[PDB]
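Structure first, commentary second.
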Amino acid sequence: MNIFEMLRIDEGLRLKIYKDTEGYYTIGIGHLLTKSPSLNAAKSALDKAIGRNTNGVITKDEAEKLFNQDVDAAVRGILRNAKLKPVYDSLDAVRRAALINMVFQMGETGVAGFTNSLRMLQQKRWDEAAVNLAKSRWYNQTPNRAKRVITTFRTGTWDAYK
């Protein structure tokens, strides 16, 4: 079990532009295309991303390529940030994985934003963080996911993914 696997579970695969729980045009394994209602905008975003005209559809490999990127970014975004690094470096491997998630999902910014939790993580207050984590647009915007990750943070294992 790994991060790539984890996110697959949490985002699965789709080779056609679809919307997300929220409503955002996504594609591949969780690759947000754009916050615009415009499909023409996501169709736009897509192509651009891919390198060709796609009419809104791609290959398993294209999907899987973008996934590689997204993940990197996400970790790259984690390293380039004074707020996050300290955490990460504090974390066990399994927890470094849940954190990579959070960043994959919301982004460098949104998560640097969970000031207290990030604190509670570093202090190693698993439970506490847990409930802290529990109230925040997030969790009650994508709760089964939150609950996975919050669990991964909790127990520091893969029981919720298994």
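No Cβ is skipped: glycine too gets one built from the backbone with ideal geometry, and neighbour counts run over all protein chains shown. Values in this text are rule-based calculations from the coordinates and carry no lab data.
With r as the distance between the Cβ atoms of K19 and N53 and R0 = 30 Å, compute the FRET efficiency 1/(1 + (r/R0)^6) and round to 0.05.
After rounding to 0.05, the efficiency reads 0.90.
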Radius 15 Å from Cβ of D92, net charge of other residues (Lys, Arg +1; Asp, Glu -1): +3
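Please report the relative contact order for the chain, taking Cα pairs under 8 Å with a sequence separation of at least 6, and give it as a percent rounded to a whole number.
On the way: 187 pairs, mean separation 27.7, N = 162.
Over the chain, the number comes to 17 percent.
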For region 76-162, what does the relative contact order come out to in percent, with C-alpha contacts under 8 Å and a separation of six or more? 28
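Is the shape of region 82-162 best called rounded, prolate or oblate, per the rule: a/c under 1.5 gives rounded, else a/b larger than b/c gives prolate, else oblate, with a ≥ b ≥ c the square roots of the Cα gyration tensor eigenvalues?
Numbers: a/c = 1.33, a/b = 1.08, b/c = 1.24.
Rounded, since a/c falls under 1.5.
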So what's the gap between the Cα centers of region 1-66 and region 68-139, to the nearest angstrom? 23
Spatially close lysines, pair count over the chain: Cα under 13 Å, gap of eight or more or interchain: 6
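Want the number for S38 to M1: 0.36 nm per residue separation, take away the alpha-carbon distance, what's left?
Fully extending the segment from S38 to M1 adds 9.7 nm.
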Rough spin-label spacing in nm, given labels placed 7 Å along Cα→Cβ, for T155 and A73: 3.2
Just need the relative contact order of region 1-51 here, percent rounded to a whole number, with Cα pairs under 8 Å and 6+ apart. 23
Once the other residues with Cβ under 12 Å from the Cβ of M106 are scored (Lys, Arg +1; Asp, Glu -1), what is the net sum? 0
Neighbours of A42 by Cβ distance under 14 Å: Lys/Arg at +1, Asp/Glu at -1, summed charge +3
